[PDB]
Structure formats: C-alpha cells, structure tokens
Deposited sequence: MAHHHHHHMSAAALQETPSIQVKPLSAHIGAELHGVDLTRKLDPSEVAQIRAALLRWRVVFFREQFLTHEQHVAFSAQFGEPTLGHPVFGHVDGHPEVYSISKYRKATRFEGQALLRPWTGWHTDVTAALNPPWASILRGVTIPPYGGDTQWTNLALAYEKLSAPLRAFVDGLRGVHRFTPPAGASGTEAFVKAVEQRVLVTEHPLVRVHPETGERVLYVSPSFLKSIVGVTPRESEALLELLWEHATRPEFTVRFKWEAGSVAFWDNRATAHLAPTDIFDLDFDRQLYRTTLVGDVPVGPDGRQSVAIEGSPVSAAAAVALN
C-alpha cells in the first residue's frame, strides 16, 4: 500500500502520507485516497505546497470542480481572515445544503497559517445516525427538512441521506442551514432539531485539525458537518486558505425520494 493511512480518532479523520499532490496522481493513488475518504470521512495531507492550478487539477481527479474570487481560477475560493447566539451546535454545517445538489466534497488548503489558533473540526454524521436509538432511527428515516440560505435558496432534503457510494444512512442535519422539519408543529420541530444537533456534535463523533502551511483537508460532505474556527479572531495572526468543491448529486432518503427544490453561487463561495 503506497499511501500510508493514519487514523486520527476511533471513527473519523486520517492523515495520509506518501503522495505528491503537486503532480498528477496515478489511478492506484486516486483509488487509495477515495477509499480512505469513504472510510474516514475527512483525510488530511501535510507539506503539500500547491499552486491554485495544481489545487484545481488535484480536485478534478476526484470529480467536477464547482465554478471570494481567485483571479484566473473560478474554481478556487479565498478563505481569508480579512452578537451571536451560542449553542453547542452553532457554526456546525454541511456545505451549501440549502441547494438541491450540495457539493459532495470540498478540498481546503492552508497557505498563510497562524502558529496557533484557527483549528477546524469535523463530525461523523453516519456514526451519529447509527448511534441514535432504533426508534429514533426509524422516526427520522421518514422525515424531511427544509434548508435555507439567504445571501435565496430553499430546498427540502431527507433528514436521513442514503450515501450514494457506501449505502450508509447519514443524519443529514446541517445545523447552520436546516431550519425546520416538514409536517410537524413549530415546537416539535424546534425540540427535535435541538435533540439531533446536540447528538450530532458529541465529542466522540468529532476530529480536530491544527493547520500548518501546506496542509490540505479533503472531506466527504455527504457524511460530515464541519466547524470553522472562531478562536482566531482573538489573535493578530493572518490566516489564508483556498477551497475547491466538487459538484454533487441530488440526495435521496431511505424511501428513495429525491430532495425537492423549493426556491432558487454565493453559498458555494461562503459556506
């Protein structure tokens, strides 16, 4: 096995070594990375100092890059450093789930990285589903949720997304964007969402990553949510990353029902 896979927690995150991301990967390297990604939900690379062009080329080996602008590279979004009601789930989200087809993956690379501050976290939403009790699993299997984003996108997704490559059921509760559960009263929706969001962010479902210059994070948005840092606003250090995302398919629930657009680029550049 040419690519070393070093898991970072019991059920999410792995650091990969033995691949040079500045050059085209051969088919075996692509397969190994994709397999590690499906198994560990987010994979990380260290000391991969890339140009935007190389970042796009790497991304294109795994899917179709989506189109904070970077000059000459419409696939690349700038993540630059340059009041809130706080609950345990605040800030946790899955990228652009207000859209009908949320991007299935994102690739984020660190260019200007503080000595400390600015860690990112991910949570395993396949595990979160499996760790619901059986009656709660059967219950959420049949529920739909409305995801909204206003810069206006509104989409009805299954609360349980069936992963198109692994068949796993995912608790698809994207906390920044999921606003209500369809067909239940407002208080029922509020109480159930708080229950599921508390559950989805159990520490034992998460992994935390301390960036360094040249680091790369590549995650499966069909099975995760993530948490951008806020501790970095307390420090003078600059922080600059760049992101690509891969065009996704329309989610389906355990009943085979596809998501449904309700109303509706800006969420691709921001989330």
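Annotation: deposited residues 1-17, 85-89, 105-112, 182-198, 312-316 are not represented by C-alpha coordinates in the model.
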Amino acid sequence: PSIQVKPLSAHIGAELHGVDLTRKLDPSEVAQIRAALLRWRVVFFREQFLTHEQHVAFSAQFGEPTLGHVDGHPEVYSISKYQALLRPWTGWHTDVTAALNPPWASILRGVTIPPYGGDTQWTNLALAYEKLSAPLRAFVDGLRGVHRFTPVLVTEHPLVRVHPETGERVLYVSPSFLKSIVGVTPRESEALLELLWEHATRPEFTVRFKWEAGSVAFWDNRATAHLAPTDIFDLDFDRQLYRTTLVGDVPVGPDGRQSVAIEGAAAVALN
From here on, numbers count along this sequence of modelled residues.
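The deposited model assigns a higher average Cα B-factor to 28-36 than to the other stretch when 216-224 and 28-36 are compared. Between 163-171 and 132-140, it is 163-171 that carries the larger average Cα temperature factor according to the deposited entry.
Ranking 113, 152, 146, 125 by the C-alpha B-factor listed in the PDB entry places 152 at the top. When the C-alpha B factors of 245, 230, 240, 206 are read from the deposited coordinates, the top value falls at 230. Ranked by Cα temperature factor within the chain, residue 251 sits in the middle third according to the deposited record.
Annotation for residue 156: CA B-factor lies in the middle third of the chain's modelled residues. In the deposited entry, the Cα temperature factor of residue 74 sits in the top third of values across the chain's modelled residues.
Residue 261 sits in the highest third of its chain by CA B factor, as recorded in the PDB entry.
Per-chain ranking of the deposited C-alpha B factor places residue 83 in the highest third.
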